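Before any questions on binding or motion, here is one chain by itself as structure tokens, the form deposited in one PDB entry.
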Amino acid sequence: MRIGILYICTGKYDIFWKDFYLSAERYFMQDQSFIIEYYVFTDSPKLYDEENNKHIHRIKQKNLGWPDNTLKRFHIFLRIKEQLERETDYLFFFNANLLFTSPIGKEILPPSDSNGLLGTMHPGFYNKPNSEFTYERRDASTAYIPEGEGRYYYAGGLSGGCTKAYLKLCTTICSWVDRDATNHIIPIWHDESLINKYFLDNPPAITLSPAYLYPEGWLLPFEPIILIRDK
């Protein structure tokens, strides 16, 4: 019924919201079965259409700068954590620069009987062998994986699940994030690095193809469902 969308645009990144939002209204989960809430974490004063729409929730979040912008992701999600458990059945995170090209239905929702959790295959690694996966390799990070270990390389920019299951992931990973800071370790790919470990312990109930991560200006043997805008 309810779909929480988590979205972060700080500094200039807010220039992505307008279109992400618009496309979402056309394509993403449009069935009267679903009510979509938008949690948009930003330091910008006003979003687009934020005045007319009651489902656009601006959350005041200052600019953390790179990498902490991406690194602190679950720290930032967890501020409204209690709100999130109230208002949403499912959560999904989109990288700021995504654009919906095609209709997305209930096909992507993890079942009940599952662990249900969702992840997308990184577009750069879908055609490569796991030696080529950019997994954090220092056993000093929480995000470390043994060489020749792991099934897929998962992307930072789209993830989700049952609200209860994806939050456990935010807190769990949020903690790993914190442990590494105590060791002065920053995983190589940051949150992506860490989510891949979690999805190693936790194979995701749904693994979406790279079509959902299709880069703008790459040729790939899929139809793009979701597109990645190029800066």
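In case it trips you up, residue 1 is the first one in the sequence shown, and so on. Shifts are known only where both forms have a C-alpha. Rigid core: the largest C-alpha set superposing within 1.5 Å between the two forms.
The next section is about a form of this same protein that is not shown, the form deposited in another entry.
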Which one of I188, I206, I59, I36 is the only residue whose C-alpha moves by 2 Å or more between the shown form and the other one, after superposing on the core?
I188
If the C-alpha spacing of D178 and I188 moves by 3 Å or more in the other entry, is that a move closer or farther apart?
closer
Just say closer or farther for the C-alpha distance from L6 to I186 in the other entry, relative to the shown form; it changes by 3 Å or more.
farther
Sticking with residues common to both forms, list the runs of three or more in a row where every CA moves 2 angstroms or more between the shown form and the other one, core superposed.
180 to 183, 185 to 189
